[PDB]
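The chain below stands alone and is given as structure tokens, in the form deposited in one PDB entry.
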């Protein structure tokens, strides 16, 4: 058994992660955090995910619960997650990171410190999206060189980053397979006269609406046909269960930067 701390436990993901750890018999919910100013600091973890009393309460700092946990699962905010990564380095803990929208500098620090700390990081903990990355590699080898490639993503009205880190990851899987760098081909907007579409651009279209848990579509378009590779997420539990399984997988592994692709054996 692996003992889990859930960072930002009152969050959309947080609540689902507590639920998911609770439902996995090889993983124990041992700690949860929230922002110091949060009105749910002191509330029982179970009462906040409709599972009843767990006998564990929300603290404002995981440093106060170091002896309770092996792995932090972090789907919060980038600054918050880097602090937790430092905490892991300091106390020989491991971390599963789901937070998206890191800057390049922040991401370099993660790559650096993952030499010291066991880390799983991914923009998507669903099986389906990790399969999709693989499908996109095959599709890009066969159609990429002559087709227009467009990435369409839809999320709920509270998502702050655009496009999704998953959309960016799909972009990267396609460009990588074609021997290109995404930044060389990405277009993130179109307004007014754009002129004609270049042949090699990867267009990103971003939808923000309602309670959409997440839709991603990669389109490979020729004159006369197109292949669309689509993933639809209908429940956050699809991410939470994956994250918990990543945590379990991660336990007692040595330092390294691991992806959900590694975890799943893809």
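Residue numbers count along the first chain shown, from 1.
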Between 183 to 191 and 130 to 138 (mean CA B-factor, as deposited), the higher: 183 to 191
Mean C-alpha temperature factor, higher of 255 to 263 and 2 to 10: 255 to 263
Selection by C-alpha B-factor (highest) of 210, 36, 224, 203: 36
Among 124, 100, 90, 81 - the residue whose C-alpha B-factor is largest in the record: 90
Modelled-residue ranking by C-alpha temperature factor, third containing residue 61: highest
Residue 40 - which third its CA temperature factor falls in, relative to the rest of the chain: highest
Entry-reported Cα temperature factor of residue 54, expressed as the chain third it lands in: highest
Modelled-residue ranking by C-alpha temperature factor, third containing residue 196: highest
Third assignment of residue 164 from its chain's C-alpha B-factors: lowest
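FYI, the form deposited in another entry isn't displayed, but the following is about it.
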Hinge residue among 211, 237, 39, 91, where one rigid part swings against the other between this form and the one not shown: 237
